[PDB]
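Next comes just one chain, in structure tokens: the form deposited in one PDB entry.
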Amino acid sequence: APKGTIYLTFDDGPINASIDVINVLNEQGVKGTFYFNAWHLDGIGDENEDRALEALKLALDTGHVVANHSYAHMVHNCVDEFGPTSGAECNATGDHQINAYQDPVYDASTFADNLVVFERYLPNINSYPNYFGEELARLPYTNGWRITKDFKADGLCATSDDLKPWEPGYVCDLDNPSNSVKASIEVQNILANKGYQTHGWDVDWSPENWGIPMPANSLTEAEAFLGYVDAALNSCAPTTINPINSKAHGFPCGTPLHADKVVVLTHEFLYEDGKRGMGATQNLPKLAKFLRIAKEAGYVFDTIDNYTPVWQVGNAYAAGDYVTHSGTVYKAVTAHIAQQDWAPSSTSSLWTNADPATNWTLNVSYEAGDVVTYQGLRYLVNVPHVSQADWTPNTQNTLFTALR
């Protein structure tokens, strides 16, 4: 009977600072989820990153989950031509969020480049069960979600075509958002069709003021931050969160998978003594205190791969329960006790596939109004039905109509 589940997630590693963050976590047995960019492994990410490969190894060997944050954090969209100094050059101008997404197909493909680079530096990385780079992602700058067919959100103010959010003159038009936001959405949809889930966050453990001379020194204290977590528990934090560009618009408040869960976003580089402040000296103790008080307050920690629980032999499932099985999201059709010979599948009558994907897919519960893509063409679902191999969109003229 825990008060809730916290998902500690760390963005933008692997860097030298990741090693200290992991050792703090390890001292208390907590597992984190790390959303890595492989450009630190190549030494072009403008951080202290000579130990990036040791950090990647440490994360995997001590049981933390590694997920896909893209190769270079979309920095290629921040400069005219991407190269070894694009990182520092984009740091100099601070325009990370300006035209952050441009060509969605290419931007998505940098999530796959990420995988290739990981495997070049750590060639046996897919022999690790806690390596999830092919299945779990998070978009840079974007509190966007792709969890189930019916659990999606987009961060409609996350990135801009011109003005930064705080800057005088900034308007975010939700009914017609920035071109960069529009591309980020297509990127979400592209990753979901390759089988990813993308997760945003409920709370962003960040500087209480990004304007003071050493911003890392103003990271929220642990007591105050456990307070933020308490506040977000079952209160649809992704929509209420500030600033505006951190919001997740359309988040399905009260959706069952999000009950009693808080996903915390933070960055290893905030726990480093360096160009941003006394991270290691002042904030590593804050992190270690939070881990103590959060358990005392009744929370437990988990990693994002369990956010949707894995299908288990012997569990009682209710109609409507969500699981993953071989990385695929499923929704129980019938209350029943799972057993070894009837796991979810593309022909199971006990489950339907509920991936957040939009390509036409077997054993999906389709609704009137859904749109599916099949053999390069888009089709509207006219009639609710569970899809099967006899009823491919191109030949079933009753259940589907081509958009043309």
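Sequential numbering from 1, following the sequence displayed. Definition used throughout: the rigid core is the maximal C-alpha set that superposes within 1.5 Å between two forms.
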* Asked: When the C-alpha temperature factors are averaged for each of 35 to 43 and 336 to 344, which stretch ends up with the higher value in the entry?
  -> 35 to 43
* **283 to 291 or 186 to 194, whichever carries the higher mean Cα B-factor** => 283 to 291
* Asked: Which one of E134, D305, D150, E208 shows the top CA temperature factor in the record?
  -> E208
* Structure fact -> Per the deposited entry, the peak Cα B-factor within the set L270, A108, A318, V310 goes to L270
* Structure fact -> By the entry's values, the third containing the CA B factor of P252 is the middle
* Going by the recorded CA B-factors, say which third of the chain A72 sits in, lowest, middle or highest. => middle
* To do: Among all modelled residues of this chain, ranked by Cα B factor, put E27 in the bottom, middle or top third, i.e. lowest, middle or highest.
  => highest
* Structure fact -> Entry-reported C-alpha B-factor of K164 relative to its chain, by third, is highest
* Asked: Considering only modelled residues of the same chain, in which third does the CA B-factor of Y228 rank: lowest, middle or highest?
  -> highest
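Omitted here: the form deposited in another entry. The next part is about that form.
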* Structure fact -> After a rigid core superposition between the shown form and the other one, the exception among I212, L174, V105, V313, its Cα shifting by 2 Å or more, is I212
